[PDB]
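Student: What would the 3D arrangement of this be:
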Amino acid sequence: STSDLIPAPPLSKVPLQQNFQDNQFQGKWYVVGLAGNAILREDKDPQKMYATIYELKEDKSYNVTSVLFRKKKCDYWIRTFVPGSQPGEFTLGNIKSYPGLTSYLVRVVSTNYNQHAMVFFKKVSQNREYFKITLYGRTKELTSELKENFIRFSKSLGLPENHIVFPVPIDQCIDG
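Tutor: Numbering: from 1, shown residues only. Take a look:
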């Protein structure tokens, strides 16, 4: 009653970007596509584009800073992605600081580093299993081919069309 979610896909259905180059994945990515079992299309108040910056620390973990525009201000949130079982996979650092969060997995599905990327996320919060796929763009716009591929991949993981959104480009906060 409290919550009905589309099940997380088995990891076997989520590809891994082969020969992942952590240094090349650094920098700002625009979230041009967003899909997941907690993501819902809202025509009345469409999701605004936000940005996510990846910076490698000395120990090769990522300082992950996301910036979004809401309530007339820029909101920043910082996460740490720690290298996982194989290149392109990560787990969340300092998980204890997040109340109710018992699991968090990141897997880079595909990228050419200089234009686009698809990243799979899976987490367990309050014993509920959430997953999302982000279509990362180096620019705010990507081709119809890349967006259609994202839709196709999202649907292959069991997500319907209304759980797939393409955030509207904005200039506030994310241009810096």
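
Student: which residues does the residue most central in space within the chain contact?
Tutor: Among the residues of the chain, the one closest to the centroid is residue 134, at 3.8 Å (CA atoms, centre = their mean). Residues in contact with residue 134 (CB atoms under 8 Å, 6 or more residues apart in numbering) are 31, 33, 34, 35, 52, 118, 119, 121. The way it works is simple: take the backbone N, C-alpha and C, and place the C-beta from them, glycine included.

Student: partners of it in the sheet?
Tutor: Beta-bridge partners recorded for residue 134 (DSSP bridges): residue 34, residue 119.

Student: same deal with residue 63?
Tutor: As for beta bridges, residue 63 partners with residue 55, residue 80 under DSSP bridges.

Student: what residues are up against it?
Tutor: The contact partners of residue 63, taken as CB under 8 Å, 6+ apart, are 54, 55, 56, 57, 78, 80.

Student: Compare those and tell me which has the most neighbours.
Tutor: Neighbour counts for these were taken using other CB atoms under 10 Å; the highest belongs to residue 54, with 17 neighbours.

Student: Surely that residue and residue 66 touch.
Tutor: No. Shown here, residue 54 and residue 66 do not form a contact pair, counting by CB atoms under 8 Å, at 10.2 Å.
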